[PDB]
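Listed next as structure tokens is one chain, alone, in the form deposited in one PDB entry.
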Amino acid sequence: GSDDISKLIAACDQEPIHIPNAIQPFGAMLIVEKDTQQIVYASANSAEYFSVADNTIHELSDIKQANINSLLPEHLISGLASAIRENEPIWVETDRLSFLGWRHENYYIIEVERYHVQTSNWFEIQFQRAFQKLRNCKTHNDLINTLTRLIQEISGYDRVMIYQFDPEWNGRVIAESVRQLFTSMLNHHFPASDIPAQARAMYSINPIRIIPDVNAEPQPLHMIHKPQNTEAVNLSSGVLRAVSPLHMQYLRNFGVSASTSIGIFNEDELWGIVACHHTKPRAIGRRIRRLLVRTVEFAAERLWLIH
């Protein structure tokens, strides 16, 4: 039936991806009522992240006891309080932990990750080399190929592609960089339903989406202290937001174990994405994420100017 097939296609765009009440297990998440300053939701894995800074905490139970001010660094709490704008993430890096938090209505949402030892000035020197290569490009075809190659080198993903939307949100792959033999994806077309409108809109909130392992077990948000409002909390601005299992299976069918995509914007208009696949699971720290986003933004700026 024709209208039935259309119902099914329309269901794609209606899965509530913004409120899964779970996360990917490469970080831990705390949800805290702003006025109560009380921990109301915590990921089922919070223990193994806050046990790195605080040794009193070894179980999810201990988080009901825990105070925010022992768990979170002070600059994080001060920035989150002194922040008026909703959904704009603050980042605070201790000696052991990398925090990203933001305010959404009466909720503070805090994501915490681990990180590797860093090399000073590496972020900036890498961006400098990308800035110079993208700026020396004089046609869009050199620009986009250069972009895929740089994203490939910075991230180390097995495959980096530029996926360009047409006026109806259908898209095609227009450039490719690979770390191994692959059958070409060049000029392969995909329908608009493969990235439903809700996912397309998510790049306007967080321009990078990151999936380190398609088979990693999502961790649900447990209730800690009974929140005033039991509505689902919107997790859109972070990176830990659990992945729609449909898209996980889509990645498996692709032969992919890790994914990362970055929106390509012209002003507020989503023009396309950088799509990144890995055959084995892969994680990339916050600094590689920010470098990728910043590289894509400079490439976009160049893309709208050159012929």
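Throughout, rigid core stands for the largest set of C-alpha atoms superposing within 1.5 Å between the two forms. Residues carry their position along the shown sequence, with the first being 1.
Not pictured, yet referred to below: the form deposited in another entry.
Q: Superpose on the rigid core, then report which one of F131, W122, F190, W91 has a CA displacement of at least 2 angstroms between the shown form and the other one.
A: After core superposition, the single residue displaced by 2 Å or more is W122.
Q: Taking the rigid core as the reference frame, is the Cα of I19 displaced by 2 Å or more between the shown form and the other one?
A: No, because once the rigid core is superposed, the C-alpha of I19 moves less than 2 Å between the shown form and the other one.
Q: By the 2 angstroms cut-off, has the C-alpha of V293 moved between the shown form and the other one once the rigid core is superposed?
A: No: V293 shifts by under 2 Å between the shown form and the other one.
Q: Using the form shown as baseline, tell whether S6 and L251 are closer or farther in Cα-Cα distance in that other deposited form, where the change reaches 3 Å or more.
A: Here the pair is farther apart than in that other deposited form; there, closer.
Q: Classify the change in Cα distance between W169 and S6 in that other deposited form as closer or farther, relative to the shown form (magnitude of 3 Å or more).
A: Farther, not closer.
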